[PDB]
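Readers should treat all values here as calculations from the given coordinates under stated rules, not as data from a laboratory. FYI the Cβ positions are ideal-geometry reconstructions off the backbone, even for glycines, and counts take in every protein chain you see.
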4 protein chains.
Amino acid sequence: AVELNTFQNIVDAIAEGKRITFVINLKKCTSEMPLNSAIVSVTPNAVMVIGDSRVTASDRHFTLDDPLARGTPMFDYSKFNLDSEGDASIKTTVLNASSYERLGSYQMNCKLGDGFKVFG
Amino acid sequence: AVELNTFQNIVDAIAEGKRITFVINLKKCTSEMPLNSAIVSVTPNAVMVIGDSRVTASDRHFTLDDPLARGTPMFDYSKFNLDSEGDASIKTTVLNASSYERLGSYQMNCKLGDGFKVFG
Amino acid sequence: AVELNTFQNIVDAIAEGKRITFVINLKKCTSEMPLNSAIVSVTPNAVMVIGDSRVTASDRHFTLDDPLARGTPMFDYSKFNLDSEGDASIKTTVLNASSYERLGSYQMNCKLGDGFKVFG
Amino acid sequence: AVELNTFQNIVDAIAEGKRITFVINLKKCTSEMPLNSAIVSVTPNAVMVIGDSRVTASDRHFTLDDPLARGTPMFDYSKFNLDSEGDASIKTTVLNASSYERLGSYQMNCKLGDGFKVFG
């Protein structure tokens, strides 16, 4: 696995059966809420290329650490979207694990190669 | 990991402990209602060879983005089947994540090496 | 990843941070009920060595295919146990995915290197 | 994948997209209640580096084998934390799988390279 620098490199790696890893540097991404400086790595078992213009994936992450309700069982659901221009977003939706009631959501935006890196 | 071109290549890769990845090119698969052109990659953590005649695997994928109920918590359950003649099918069943009620299902059919590719 | 032939090889692979894959050949395994000839491969993301005498792992597998209730959402929970003498067992407990009520269970027994193979 | 000996090695491996494995030797860790000698290996699909000072990850592990309620469906939720001085903790919270009610929790504390090892 190496860094996949370009959108075409990523599309090619998916078409060739490689498992993709997203690495996100939050301080290099823009958000409405302040995000503490962190690096976040996620490797979903599934990923899609939409029309040769978009790469999408998601991850439902179980936690008891979510700020919106510390100590309560929740899923942090993150949707990853990357377009052919290098513009990336991560939208995280916070769900009560027992009921599936939505507690909140927030979004970040980054650029490929900068705040949003992809490996495969 | 390389492309597993024949059914025997795939059975052998399973028998040798390799983790399998399915890459599906939807525009090369037959469906009842047309799906938009997309490439879908999935690596299940489990796989079976039945007899020496079929390979089977499945994935339960959590989503808020399913057309049948956008924004609602759902599981897209996909069952993958591949026979010794190279005929592949993917049956997706859409389930409400909190209740497990079925919301719909649909099926694609593909040919190994054409719309349906396998890596290990 | 190569075949881990001996119990010590497997323990060593775990201690060295390798991810383990179990390949089970059901026809080489003994069970109370008949099992159709199948090869089953599973790679859990967690595994344990108890004392220096047992290796254990498990996998909760979501399905709609289970014989005990075809078409109903279920988890096939498999518990894998391997002792230092090479005696392996897999106990599968079938659970309603919605309620967690137990629908049934079955067990197979195998020998390491024969019906139960391990890779890492 | 090799052993990641220092905190900087681990942070560098995450930042380069490598999937991380935690290997815990319980007998080299300190706990409130003594834990039986076991080696435990876990590979989470996500990990974070907080500031340049902490690495964190978690795993929600389904089991029927938990001492607190043997035979009952449960999630052993383990939160891993490692600081820049090499001090590691694993906090495990035991949850009823159907209801999410907390049944108990316990914690172990270890040192990087001693009881707590990391591979990538």
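Do any GluC sites (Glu not before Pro) in region A:2-106 lie in a DSSP loop with no more than 14 other beta carbon atoms within 10 Å, and if so, which?
Counting only loop positions with at most 14 other Cβ atoms within 10 Å, the GluC sites (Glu not before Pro) in region A:2-106 are A:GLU32, A:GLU85, A:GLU101.
Given Cβ point charges of +1 (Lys, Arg) and -1 (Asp, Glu) and nothing else, what value in debye, to the nearest 20, does the dipole of chain B about its Cα centre take?
200 debye
Using a Förster distance of 22 angstrom, determine the FRET efficiency expected from the C-beta separation of B:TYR100 and B:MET33, and round it to 0.05.
Approximately 0.40, to the nearest 0.05.
Per residue, what volume in Å³ does the convex hull of the Cα atoms of region B:22-120 enclose?
105 Å³
Roughly how crowded by other chains is peptide C:1-7, in terms of the mean Cβ count from those chains within 10 Å of each of its Cβ atoms?
Partner Cβ neighbours, averaged per residue: 1.
Just grab the label-to-label distance for D:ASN9 and C:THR6, each label 7 Å out from Cα along the Cβ direction, in nm (one decimal).
Computed distance between label sites D:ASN9 and C:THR6 equals 2.7 nm.
Measuring nothing but label to label, 7 Å from Cα along Cα→Cβ, what are A:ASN81's distances to the other copies in nm, shortest first?
3.5, 3.5, 5.0
Checking the a/c ratio against 1.5 first, then a/b against b/c, what shape does the Cα gyration tensor give for the protein assembly as shown?
rounded
In chain B, what residue has the beta-carbon at the shortest distance from the axis of the rotation relating B to D, and what is that distance in angstrom, rounded to the whole number?
It is B:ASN45, 5, counting Cβ atoms only.
Would region A:3-67 count as rounded, prolate or oblate if I go by the C-alpha gyration tensor, calling it rounded below 1.5 in a/c and otherwise prolate when a/b exceeds b/c, oblate otherwise?
prolate
Partner chain Cβ atoms within 10 Å, averaged over the residues of D:76-88 - can you pull that number for me?
1
Please compute, for peptide D:14-24, the average count of beta-carbon atoms on other protein chains lying within 10 Å of each residue's beta-carbon.
Across D:14-24, the average partner-chain Cβ count within 10 Å equals 6.
What is the calculated FRET efficiency for B:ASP114 to C:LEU68, with r their C-beta to C-beta distance and R₀ = 35 Å, to the nearest 0.05?
Once rounded, the FRET efficiency stands at 0.45.
Determine the distance separating the Cα centre of region B:56-116 from the Cα centre of region C:8-67; give it in Å without decimals.
Cα centroid of region B:56-116 versus Cα centroid of region C:8-67: 26 Å apart.
In straight Cα distance, which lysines are under 22 Å from D:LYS79, not counting same-chain residues fewer than 8 positions off?
Correct list for D:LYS79: C:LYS18, D:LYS18, D:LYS27, D:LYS28, D:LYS91, D:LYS111, D:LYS117.
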